[PDB]
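The form deposited in one PDB entry is given below as one chain in structure tokens.
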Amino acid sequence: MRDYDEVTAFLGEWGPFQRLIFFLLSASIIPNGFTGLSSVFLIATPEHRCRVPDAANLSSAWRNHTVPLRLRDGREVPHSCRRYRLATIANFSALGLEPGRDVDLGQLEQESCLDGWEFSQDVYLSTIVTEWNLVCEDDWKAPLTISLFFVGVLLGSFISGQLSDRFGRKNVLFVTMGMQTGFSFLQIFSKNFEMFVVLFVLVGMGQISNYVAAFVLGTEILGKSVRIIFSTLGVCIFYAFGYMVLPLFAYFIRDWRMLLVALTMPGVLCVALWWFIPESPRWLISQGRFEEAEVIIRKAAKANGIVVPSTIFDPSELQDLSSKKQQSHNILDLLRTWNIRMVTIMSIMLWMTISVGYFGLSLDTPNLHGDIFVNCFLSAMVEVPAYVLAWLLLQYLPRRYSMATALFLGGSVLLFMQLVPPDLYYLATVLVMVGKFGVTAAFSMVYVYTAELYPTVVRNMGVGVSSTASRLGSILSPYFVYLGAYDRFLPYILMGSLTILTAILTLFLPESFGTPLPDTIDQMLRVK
């Protein structure tokens, strides 16, 4: 018996086949870039105030003084959820009385907006918040939709695995790509809020599912050395490109339906890949469909120009491949021994906190100062050097000090936010981008570090548990942004404190660099 990576080693590590597969599977990750964080523009809240119908016979003075003024940022602004009793105002205006001259505005009665709201159109022409008035007593519905999107992503994480195992990688990939694109398109025709919410849940489910299927198919087709590069840089950078191009679209298109059309179109464009990506030969061998694997291997050999006679490859060996011992599935293994128990708890908390920080910072961009589109672009762009640095650090430096430093930077920088004087408000944006830089580096590194910490017997299970923890964290991530209304800096204080505690935690994990990866739990490294 032999190994699949050995039997197939004759194809080489790099060449026309593996190159095309690498850049096509990576290109299929772009739509997840602008689909993941489109909520920053689809669910944005413009400035708004109570609407006063023009039927009111109010003087120009009264029309200038129809809403109480409240102070924000040290500056007067119309109160966004309350107005002076329109009937009392109309009675005063009919009597000839005028504000200030005859009326003390400070003691008038107030009511909520019974004629709806007037949203400004300086930035957004329309969004779902303006469509269904998700403001004042409905404001909690705005982040809820985003939480529900990540809820769908959670469910997709469970389902896409089993589906891909039972029906293949390419089939699940393209089916869920089409599902995501179709439900993204359908959302344009949402009559009311509930249909939009449920369609957004399904869109997130499809998005996660097809990301996962692309990742698994790529890490199964590519060779041993290029596998790491694909997993680490290949998909991350093209996700960053998708995110970076999201604000480019949102700048020209400022209507949520036309923006959904624009973000839907690339998904339809990706369907051409069906004729270029083959099914994973390793999976087909797992199902016992050896003729299809043989055909795909011979086609790859022909594409790379390698002569493949019986002396260098034969299906008889293909039919007698080795199978690795099956890994434990019962979760009890992760809790049976004290050391692995503690390592699992720390990894859960580390992944959840890194995810909360990353998605909170991503979703908080429209609340920063300066141009919203420039801020979103800078947020998307600061990830590419974060991935390059993460990759170099993983290649050459111990994981513990690297991740302690990246988290310490990401957390400490945020705590400085409250110390920036308003005159130099732009420094706060600098800090926030450096903050997200650190978080992004840590987020890229943990995917590898955790996979090294667990022994083979349960490695996948442990990684999956920690990954689910991170995904749970992003359900909470839009609510930390929601807290920005109660107190501007509270979200950053929370994120910074939690990140510093996570950076302190990381130092207690055992070091893996430069040591053989363990095979059985008895060989697992001990926590400090």
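Start at 1 and count along the sequence shown; that's the residue number. What we label the rigid core is the largest C-alpha set whose atoms superpose within 1.5 Å from one form to the other.
The same protein also has a form deposited in another entry, omitted here; what follows describes it.
- Compared between this form and the one not shown on the core, the listed residues 264, 187, 353, 130 keep their C-alpha shifts below 2 Å, save 353.
- Superposition of the core reveals a Cα shift of 2 Å or more for residue 411 between this form and the one not shown.
- For residue 77, a C-alpha deviation below 2 angstroms is recorded between this form and the one not shown after rigid-core alignment.
- Once both forms are fitted on their core, a CA shift of 2 Å or more is seen for residue 328 between this form and the one not shown.
- Compared with the form shown here, the Cα atoms of residue 457 and residue 160 move at least 3 Å closer together in that other deposited form.
- Relative to the shown form, the CA atoms of residue 65 and residue 485 are pushed 3 Å or more farther apart in that other deposited form.
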